[PDB]
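Q: After the structure tokens below, expect a handful of questions from me.
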Amino acid sequence: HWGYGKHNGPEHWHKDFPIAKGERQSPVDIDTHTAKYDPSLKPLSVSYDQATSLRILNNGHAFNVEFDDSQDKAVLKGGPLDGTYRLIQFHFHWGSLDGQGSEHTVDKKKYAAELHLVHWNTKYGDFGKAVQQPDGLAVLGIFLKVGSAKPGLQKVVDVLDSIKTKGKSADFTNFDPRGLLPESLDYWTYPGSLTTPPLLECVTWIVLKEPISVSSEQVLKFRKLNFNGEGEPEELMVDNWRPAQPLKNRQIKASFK
Ligand SMILES: O=C(CCCCCCC(=O)Nc1ccccc1)NO
Ligand SMILES: [Zn+2]
């Protein structure tokens, strides 16, 4: 099955998922001098005050924090989006070393990790229908750099010991995702895809310009998770990122000059 190893990693995915070589694949390098400022872009509207987190899960390739998406509790609107997108889950991609781990890059610079807040367009009724549509998902991407600790991340860090191996889950209620946001909501946006199989081309990407800082100790704890299930040989969950893909016939737009 697919993964991030030498024998099943990103360079092999096209054999099972031919869309890997498609026209709107993610992630991409953001060339800041080629991005086009678009004055028609609206500020993002992030309404997370009523978010209800439920559970944290190690799915074998990352850990997901899942939210109740049965009502318009935590929504994303505005920016390049039409309509209302509900938050369903967030997860991270990270590296084995501080100088790699993000999926998107900025002028070829890699960050230590990248946070993806995943939202789906409510006009399609459920997440499984949304992923079949070119405007089905909106993913907020936030870069992590190593520096000062992020207090709002510590509750996530402290539960990771309980979900070390694939398939483990733990109750994770009352987590407020507003503690993961940077001060500024300036962003780049482009049409893209999921960065894991099935690589569907259903994502409006919104990548925030301002990184958040996390401490070395916080990211070190991400690197203690395991790709494997319990009782299987230990494989550390590191470098679960896909490299940048060709931009092809797409323009990256910026909300700021
Ligand atoms: O791809 C991304 C960003 C969006 C991830 C969305 C959640 C992953 C997911 O649910 N994938 C999936 C979709 C349809 C069918 C099977 C898996 N990051 O890796
Ligand atoms: Zn992701």
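Identifiers in the structure tokens: chain A, B, ... in order shown; residue index from 1 per chain; ligand index from 1 in order shown.
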Given a cut-off of 12 Å, what residues near ligand 2 show up using only C-alpha atoms and all ligand atoms, put as an mmCIF file with N, CA, C and O atoms, in the first residue's frame?
A:
```cif
data_model
loop_
_atom_site.group_PDB
_atom_site.id
_atom_site.type_symbol
_atom_site.label_atom_id
_atom_site.label_comp_id
_atom_site.auth_asym_id
_atom_site.auth_seq_id
_atom_site.Cartn_x
_atom_site.Cartn_y
_atom_site.Cartn_z
ATOM 1 N N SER A 26 -0.992 19.207 -6.012
ATOM 2 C CA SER A 26 -0.414 19.924 -4.890
ATOM 3 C C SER A 26 0.564 19.012 -4.162
ATOM 4 O O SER A 26 0.462 17.782 -4.246
ATOM 5 N N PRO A 27 1.510 19.581 -3.410
ATOM 6 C CA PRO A 27 1.740 21.007 -3.175
ATOM 7 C C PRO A 27 2.529 21.620 -4.322
ATOM 8 O O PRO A 27 2.896 20.935 -5.281
ATOM 9 N N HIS A 61 -0.647 7.563 8.610
ATOM 10 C CA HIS A 61 0.212 8.489 7.838
ATOM 11 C C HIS A 61 0.293 9.921 8.437
ATOM 12 O O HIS A 61 1.158 10.776 8.086
ATOM 13 N N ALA A 62 -0.597 10.195 9.389
ATOM 14 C CA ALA A 62 -0.555 11.431 10.150
ATOM 15 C C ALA A 62 -1.443 11.205 11.364
ATOM 16 O O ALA A 62 -1.939 10.092 11.591
ATOM 17 N N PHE A 63 -1.638 12.242 12.159
ATOM 18 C CA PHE A 63 -2.690 12.222 13.161
ATOM 19 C C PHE A 63 -3.709 13.299 12.830
ATOM 20 O O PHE A 63 -3.345 14.406 12.434
ATOM 21 N N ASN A 64 -4.983 12.953 12.935
ATOM 22 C CA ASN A 64 -6.069 13.869 12.611
ATOM 23 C C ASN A 64 -6.807 14.224 13.891
ATOM 24 O O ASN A 64 -7.140 13.331 14.676
ATOM 25 N N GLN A 89 -11.601 18.437 9.958
ATOM 26 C CA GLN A 89 -10.427 17.926 10.690
ATOM 27 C C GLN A 89 -9.181 18.745 10.391
ATOM 28 O O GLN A 89 -9.191 19.485 9.428
ATOM 29 N N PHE A 90 -8.197 18.645 11.279
ATOM 30 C CA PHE A 90 -6.874 19.151 10.942
ATOM 31 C C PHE A 90 -5.817 18.085 11.194
ATOM 32 O O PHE A 90 -6.012 17.148 11.976
ATOM 33 N N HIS A 91 -4.681 18.248 10.523
ATOM 34 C CA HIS A 91 -3.538 17.363 10.691
ATOM 35 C C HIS A 91 -2.306 18.143 10.267
ATOM 36 O O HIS A 91 -2.401 19.265 9.759
ATOM 37 N N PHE A 92 -1.144 17.524 10.458
ATOM 38 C CA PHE A 92 0.130 18.128 10.113
ATOM 39 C C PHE A 92 0.908 17.203 9.190
ATOM 40 O O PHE A 92 0.658 15.998 9.123
ATOM 41 N N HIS A 93 1.889 17.794 8.504
ATOM 42 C CA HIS A 93 2.964 17.090 7.820
ATOM 43 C C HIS A 93 4.261 17.635 8.394
ATOM 44 O O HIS A 93 4.355 18.832 8.675
ATOM 45 N N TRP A 94 5.243 16.768 8.631
ATOM 46 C CA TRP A 94 6.466 17.221 9.284
ATOM 47 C C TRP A 94 7.646 16.376 8.841
ATOM 48 O O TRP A 94 7.502 15.349 8.173
ATOM 49 N N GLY A 101 9.911 19.376 5.994
ATOM 50 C CA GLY A 101 8.678 18.913 6.601
ATOM 51 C C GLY A 101 7.446 19.538 5.990
ATOM 52 O O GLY A 101 6.392 18.897 5.945
ATOM 53 N N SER A 102 7.532 20.791 5.550
ATOM 54 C CA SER A 102 6.365 21.373 4.916
ATOM 55 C C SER A 102 6.170 20.785 3.519
ATOM 56 O O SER A 102 7.085 20.242 2.898
ATOM 57 N N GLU A 103 4.943 20.908 3.025
ATOM 58 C CA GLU A 103 4.621 20.452 1.680
ATOM 59 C C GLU A 103 4.755 21.595 0.685
ATOM 60 O O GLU A 103 5.501 21.493 -0.294
ATOM 61 N N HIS A 104 4.040 22.687 0.924
ATOM 62 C CA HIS A 104 4.310 23.896 0.172
ATOM 63 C C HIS A 104 5.655 24.466 0.584
ATOM 64 O O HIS A 104 6.119 24.275 1.714
ATOM 65 N N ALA A 113 7.226 22.110 9.414
ATOM 66 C CA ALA A 113 5.970 21.378 9.380
ATOM 67 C C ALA A 113 4.936 22.262 8.717
ATOM 68 O O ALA A 113 5.154 23.458 8.495
ATOM 69 N N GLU A 114 3.813 21.645 8.365
ATOM 70 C CA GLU A 114 2.698 22.368 7.773
ATOM 71 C C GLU A 114 1.404 21.818 8.342
ATOM 72 O O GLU A 114 1.207 20.600 8.384
ATOM 73 N N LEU A 115 0.556 22.724 8.811
ATOM 74 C CA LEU A 115 -0.756 22.412 9.368
ATOM 75 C C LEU A 115 -1.809 22.599 8.288
ATOM 76 O O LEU A 115 -1.807 23.618 7.588
ATOM 77 N N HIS A 116 -2.685 21.614 8.138
ATOM 78 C CA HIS A 116 -3.783 21.663 7.178
ATOM 79 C C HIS A 116 -5.103 21.589 7.920
ATOM 80 O O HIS A 116 -5.410 20.567 8.550
ATOM 81 N N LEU A 117 -5.866 22.684 7.831
ATOM 82 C CA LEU A 117 -7.252 22.732 8.380
ATOM 83 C C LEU A 117 -8.181 22.455 7.202
ATOM 84 O O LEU A 117 -8.225 23.249 6.270
ATOM 85 N N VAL A 118 -8.890 21.355 7.263
ATOM 86 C CA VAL A 118 -9.650 20.847 6.124
ATOM 87 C C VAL A 118 -11.123 21.202 6.279
ATOM 88 O O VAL A 118 -11.741 20.874 7.301
ATOM 89 N N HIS A 119 -11.700 21.820 5.243
ATOM 90 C CA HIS A 119 -13.101 22.228 5.257
ATOM 91 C C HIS A 119 -13.782 21.764 3.978
ATOM 92 O O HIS A 119 -13.150 21.682 2.926
ATOM 93 N N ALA A 138 -11.827 23.318 0.892
ATOM 94 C CA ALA A 138 -10.928 24.444 1.103
ATOM 95 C C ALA A 138 -10.010 24.069 2.248
ATOM 96 O O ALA A 138 -10.479 23.684 3.325
ATOM 97 N N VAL A 139 -8.709 24.125 2.005
ATOM 98 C CA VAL A 139 -7.731 23.753 3.017
ATOM 99 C C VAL A 139 -6.907 24.979 3.349
ATOM 100 O O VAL A 139 -6.346 25.620 2.448
ATOM 101 N N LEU A 140 -6.890 25.334 4.629
ATOM 102 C CA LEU A 140 -6.031 26.390 5.140
ATOM 103 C C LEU A 140 -4.691 25.760 5.507
ATOM 104 O O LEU A 140 -4.645 24.835 6.326
ATOM 105 N N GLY A 141 -3.615 26.246 4.897
ATOM 106 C CA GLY A 141 -2.275 25.750 5.147
ATOM 107 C C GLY A 141 -1.488 26.779 5.942
ATOM 108 O O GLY A 141 -1.425 27.952 5.560
ATOM 109 N N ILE A 142 -0.889 26.327 7.039
ATOM 110 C CA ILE A 142 -0.132 27.191 7.941
ATOM 111 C C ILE A 142 1.239 26.572 8.147
ATOM 112 O O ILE A 142 1.348 25.394 8.504
ATOM 113 N N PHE A 143 2.285 27.359 7.930
ATOM 114 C CA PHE A 143 3.638 26.863 8.123
ATOM 115 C C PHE A 143 4.048 26.940 9.584
ATOM 116 O O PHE A 143 3.662 27.858 10.313
ATOM 117 N N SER A 193 -4.997 20.046 -5.199
ATOM 118 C CA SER A 193 -5.438 18.683 -4.956
ATOM 119 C C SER A 193 -5.172 18.282 -3.517
ATOM 120 O O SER A 193 -4.469 18.969 -2.765
ATOM 121 N N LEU A 194 -5.711 17.120 -3.151
ATOM 122 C CA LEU A 194 -5.202 16.439 -1.968
ATOM 123 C C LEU A 194 -3.727 16.122 -2.182
ATOM 124 O O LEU A 194 -3.278 15.888 -3.311
ATOM 125 N N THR A 195 -2.962 16.085 -1.095
ATOM 126 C CA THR A 195 -1.543 15.758 -1.226
ATOM 127 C C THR A 195 -1.243 14.320 -0.852
ATOM 128 O O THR A 195 -0.075 13.928 -0.836
ATOM 129 N N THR A 196 -2.265 13.539 -0.531
ATOM 130 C CA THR A 196 -2.151 12.112 -0.303
ATOM 131 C C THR A 196 -3.119 11.411 -1.243
ATOM 132 O O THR A 196 -4.120 12.011 -1.658
ATOM 133 N N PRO A 197 -2.852 10.159 -1.607
ATOM 134 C CA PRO A 197 -3.835 9.391 -2.365
ATOM 135 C C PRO A 197 -5.187 9.462 -1.682
ATOM 136 O O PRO A 197 -5.271 9.373 -0.446
ATOM 137 N N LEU A 199 -5.472 11.778 -4.158
ATOM 138 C CA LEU A 199 -4.902 12.890 -4.919
ATOM 139 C C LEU A 199 -5.942 13.637 -5.741
ATOM 140 O O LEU A 199 -5.605 14.253 -6.751
ATOM 141 N N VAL A 203 -9.484 20.830 -4.346
ATOM 142 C CA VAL A 203 -9.091 21.703 -3.238
ATOM 143 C C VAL A 203 -8.836 23.121 -3.727
ATOM 144 O O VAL A 203 -8.065 23.333 -4.670
ATOM 145 N N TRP A 205 -6.736 25.844 -2.283
ATOM 146 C CA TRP A 205 -5.721 26.000 -1.259
ATOM 147 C C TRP A 205 -5.642 27.452 -0.843
ATOM 148 O O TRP A 205 -5.619 28.348 -1.689
ATOM 149 N N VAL A 207 -3.038 29.413 1.594
ATOM 150 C CA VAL A 207 -1.793 29.218 2.324
ATOM 151 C C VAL A 207 -1.448 30.534 2.994
ATOM 152 O O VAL A 207 -1.284 31.549 2.310
ATOM 153 N N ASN A 240 6.442 12.802 6.306
ATOM 154 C CA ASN A 240 5.162 12.468 5.677
ATOM 155 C C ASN A 240 4.656 13.620 4.812
ATOM 156 O O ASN A 240 3.508 14.058 4.915
ATOM 157 N N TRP A 241 5.535 14.119 3.946
ATOM 158 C CA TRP A 241 5.235 15.224 3.050
ATOM 159 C C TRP A 241 5.500 14.814 1.610
ATOM 160 O O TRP A 241 6.409 14.029 1.315
ATOM 161 N N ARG A 242 4.697 15.355 0.715
ATOM 162 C CA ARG A 242 4.876 15.155 -0.714
ATOM 163 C C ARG A 242 5.699 16.310 -1.279
ATOM 164 O O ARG A 242 5.472 17.465 -0.911
#
```
Q: What lies within 7 Å of region 29-34 of chain A using only C-alpha atoms, ignoring chain neighbours under 3 positions off, as a list in words?
A: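 Near region 29-34 of chain A, the qualifying residues are residues 104, 105, 106, 107, 108 and 244 of chain A.
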Q: Would you save the residues of that selection, restricted to C-alpha atoms, as a PDB file, in the first residue's frame?
A:
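Full text of selection.pdb as output:
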```
ATOM      1  CA  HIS A 104       4.310  23.896   0.172  1.00  0.00           C
ATOM      2  CA  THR A 105       7.502  25.920  -0.099  1.00  0.00           C
ATOM      3  CA  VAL A 106       7.982  29.687  -0.388  1.00  0.00           C
ATOM      4  CA  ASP A 107      10.729  30.692  -2.831  1.00  0.00           C
ATOM      5  CA  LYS A 108      12.016  27.106  -2.367  1.00  0.00           C
ATOM      6  CA  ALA A 244       6.349  20.145  -4.860  1.00  0.00           C
TER       7      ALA A 244
END
```
Q: Between A:14, A:223, A:253, A:73, which is the closest to residue 189 (chain A) once you count only C-alpha atoms?
A: A:253
Q: List every residue of region 44-83 of chain A that DSSP, applied to the backbone of this structure, assigns to strand (DSSP E), and report them as a ChimeraX atom specification.
A: /A:44-47,53-58,63-67,75-78
Q: Taking 6 positions as the minimum chain separation for residues in the same chain, which residues sit within 8 Å of residue 137 (chain A) when counting only C-alpha atoms? Answer as a PDB file with N, CA, C and O atoms, in the first residue's frame.
A:
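Wrote it out as part.pdb, contents follow:
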```pdb
ATOM      1  N   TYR A  85     -17.885  26.721   4.077  1.00  0.00           N
ATOM      2  CA  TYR A  85     -17.111  25.488   4.179  1.00  0.00           C
ATOM      3  C   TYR A  85     -16.969  25.114   5.647  1.00  0.00           C
ATOM      4  O   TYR A  85     -16.524  25.933   6.457  1.00  0.00           O
ATOM      5  N   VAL A 118      -8.890  21.355   7.263  1.00  0.00           N
ATOM      6  CA  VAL A 118      -9.650  20.847   6.124  1.00  0.00           C
ATOM      7  C   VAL A 118     -11.123  21.202   6.279  1.00  0.00           C
ATOM      8  O   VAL A 118     -11.741  20.874   7.301  1.00  0.00           O
ATOM      9  N   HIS A 119     -11.700  21.820   5.243  1.00  0.00           N
ATOM     10  CA  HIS A 119     -13.101  22.228   5.257  1.00  0.00           C
ATOM     11  C   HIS A 119     -13.782  21.764   3.978  1.00  0.00           C
ATOM     12  O   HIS A 119     -13.150  21.682   2.926  1.00  0.00           O
ATOM     13  N   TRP A 120     -15.083  21.472   4.061  1.00  0.00           N
ATOM     14  CA  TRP A 120     -15.827  21.026   2.888  1.00  0.00           C
ATOM     15  C   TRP A 120     -17.037  21.912   2.614  1.00  0.00           C
ATOM     16  O   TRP A 120     -17.657  22.452   3.533  1.00  0.00           O
ATOM     17  N   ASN A 121     -17.351  22.041   1.326  1.00  0.00           N
ATOM     18  CA  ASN A 121     -18.391  22.945   0.848  1.00  0.00           C
ATOM     19  C   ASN A 121     -19.765  22.357   1.155  1.00  0.00           C
ATOM     20  O   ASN A 121     -20.117  21.290   0.644  1.00  0.00           O
ATOM     21  N   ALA A 130     -18.298  16.058  -1.608  1.00  0.00           N
ATOM     22  CA  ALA A 130     -17.486  17.268  -1.861  1.00  0.00           C
ATOM     23  C   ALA A 130     -16.171  16.923  -2.566  1.00  0.00           C
ATOM     24  O   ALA A 130     -15.771  17.692  -3.422  1.00  0.00           O
ATOM     25  N   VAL A 131     -15.533  15.823  -2.195  1.00  0.00           N
ATOM     26  CA  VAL A 131     -14.240  15.509  -2.809  1.00  0.00           C
ATOM     27  C   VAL A 131     -14.343  15.171  -4.288  1.00  0.00           C
ATOM     28  O   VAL A 131     -13.314  15.100  -4.970  1.00  0.00           O
ATOM     29  N   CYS A 202      -9.701  18.650  -6.005  1.00  0.00           N
ATOM     30  CA  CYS A 202     -10.940  19.176  -5.448  1.00  0.00           C
ATOM     31  C   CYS A 202     -10.701  20.289  -4.434  1.00  0.00           C
ATOM     32  O   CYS A 202     -11.642  20.669  -3.728  1.00  0.00           O
ATOM     33  N   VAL A 203      -9.484  20.830  -4.346  1.00  0.00           N
ATOM     34  CA  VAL A 203      -9.091  21.703  -3.238  1.00  0.00           C
ATOM     35  C   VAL A 203      -8.836  23.121  -3.727  1.00  0.00           C
ATOM     36  O   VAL A 203      -8.065  23.333  -4.670  1.00  0.00           O
ATOM     37  N   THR A 204      -9.456  24.099  -3.068  1.00  0.00           N
ATOM     38  CA  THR A 204      -8.977  25.471  -3.128  1.00  0.00           C
ATOM     39  C   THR A 204      -8.006  25.635  -1.968  1.00  0.00           C
ATOM     40  O   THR A 204      -8.399  25.550  -0.797  1.00  0.00           O
TER      41      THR A 204
END
```
Q: May I have the residues within 7 Å of residue 58 (chain A) as a PyMOL selection string, using only C-alpha atoms and disregarding those fewer than 5 positions away in the same chain?
A: chain A and resi 63-64+163+165-169
Q: Produce a file of the selected residues containing N, CA and C atoms, as a JSON list (two decimals), in the first residue's frame.
A:
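Dumped everything to result17.json:
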```json
[["chain", "number", "residue", "atom", "x", "y", "z"],
["A", 63, "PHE", "N", -1.64, 12.24, 12.16],
["A", 63, "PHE", "CA", -2.69, 12.22, 13.16],
["A", 63, "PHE", "C", -3.71, 13.30, 12.83],
["A", 64, "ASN", "N", -4.98, 12.95, 12.93],
["A", 64, "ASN", "CA", -6.07, 13.87, 12.61],
["A", 64, "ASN", "C", -6.81, 14.22, 13.89],
["A", 163, "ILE", "N", -1.67, 7.82, 21.26],
["A", 163, "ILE", "CA", -2.03, 7.39, 19.91],
["A", 163, "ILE", "C", -0.77, 7.09, 19.10],
["A", 165, "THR", "N", 0.57, 4.49, 17.73],
["A", 165, "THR", "CA", 0.59, 3.56, 16.61],
["A", 165, "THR", "C", -0.69, 3.64, 15.78],
["A", 166, "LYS", "N", -0.59, 3.14, 14.55],
["A", 166, "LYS", "CA", -1.68, 3.23, 13.58],
["A", 166, "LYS", "C", -2.95, 2.58, 14.11],
["A", 167, "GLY", "N", -4.07, 3.29, 13.97],
["A", 167, "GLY", "CA", -5.36, 2.80, 14.40],
["A", 167, "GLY", "C", -5.78, 3.22, 15.79],
["A", 168, "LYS", "N", -4.87, 3.75, 16.59],
["A", 168, "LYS", "CA", -5.23, 4.22, 17.93],
["A", 168, "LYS", "C", -5.93, 5.57, 17.85],
["A", 169, "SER", "N", -6.94, 5.74, 18.69],
["A", 169, "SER", "CA", -7.66, 7.00, 18.82],
["A", 169, "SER", "C", -7.86, 7.31, 20.30]]
```
Q: For CA of residue 68 (chain A) and CA of residue 51 (chain A), determine how far apart the two atoms are, in Å to one decimal place.
A: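 The value is 7.6 Å.
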Q: Extract, using only C-alpha atoms, all DNA, RNA and protein residues at most 6 Å from residue 54 (chain A), discarding same-chain residues fewer than 6 positions from it, and format them as a PyMOL selection string.
A: chain A and resi 66-67+172-173
Q: Please, could you write that set of residues out with C-alpha atoms as a CSV table (one decimal), in the first residue's frame?
A:
```
chain,number,residue,atom,x,y,z
A,66,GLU,CA,-11.7,15.5,14.1
A,67,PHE,CA,-14.6,17.9,14.6
A,172,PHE,CA,-10.2,14.9,22.4
A,173,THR,CA,-12.9,17.3,23.4
```
Q: Quick one: distance from CA of residue 222 (chain A) to CA of residue 153 (chain A) in Å, one decimal?
A: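 One can read the CA of residue 222 (chain A) to CA of residue 153 (chain A) distance as 11.4 Å.
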Q: Pick out the residues sitting within 6 Å of residue 237 (chain A), and hand them over as a list in words; count only C-alpha atoms, and ignore anything fewer than 6 positions along from it in its own chain.
A: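 So the residues in contact are residues 223, 225, 226 and 227 of chain A.
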Q: Could those selected residues go to a file with N, CA and C atoms, as a PDB file, in the first residue's frame?
A:
```
ATOM      1  N   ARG A 223       7.704  13.523  16.097  1.00  0.00           N
ATOM      2  CA  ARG A 223       8.606  12.549  15.500  1.00  0.00           C
ATOM      3  C   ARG A 223       8.707  11.254  16.287  1.00  0.00           C
ATOM      4  N   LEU A 225       5.894   9.492  16.952  1.00  0.00           N
ATOM      5  CA  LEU A 225       4.782   8.667  16.513  1.00  0.00           C
ATOM      6  C   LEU A 225       5.275   7.569  15.569  1.00  0.00           C
ATOM      7  N   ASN A 226       4.398   6.610  15.322  1.00  0.00           N
ATOM      8  CA  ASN A 226       4.766   5.461  14.470  1.00  0.00           C
ATOM      9  C   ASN A 226       3.815   5.311  13.292  1.00  0.00           C
ATOM     10  N   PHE A 227       4.372   5.010  12.120  1.00  0.00           N
ATOM     11  CA  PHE A 227       3.553   4.644  10.964  1.00  0.00           C
ATOM     12  C   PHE A 227       2.892   3.289  11.170  1.00  0.00           C
TER      13      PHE A 227
END
```
Q: Measuring between only C-alpha atoms and all ligand atoms, which one of A:215, A:25, A:174, A:70 shows the shortest distance to ligand 1?
A: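 Using only C-alpha atoms and all ligand atoms, ligand 1 sits closest to A:25.
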Q: Using only C-alpha atoms and all ligand atoms, which residue out of A:47, A:8, A:52, A:133 lies closest to ligand 1?
A: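 Nearest candidate to ligand 1 out of A:47, A:8, A:52, A:133: A:133.
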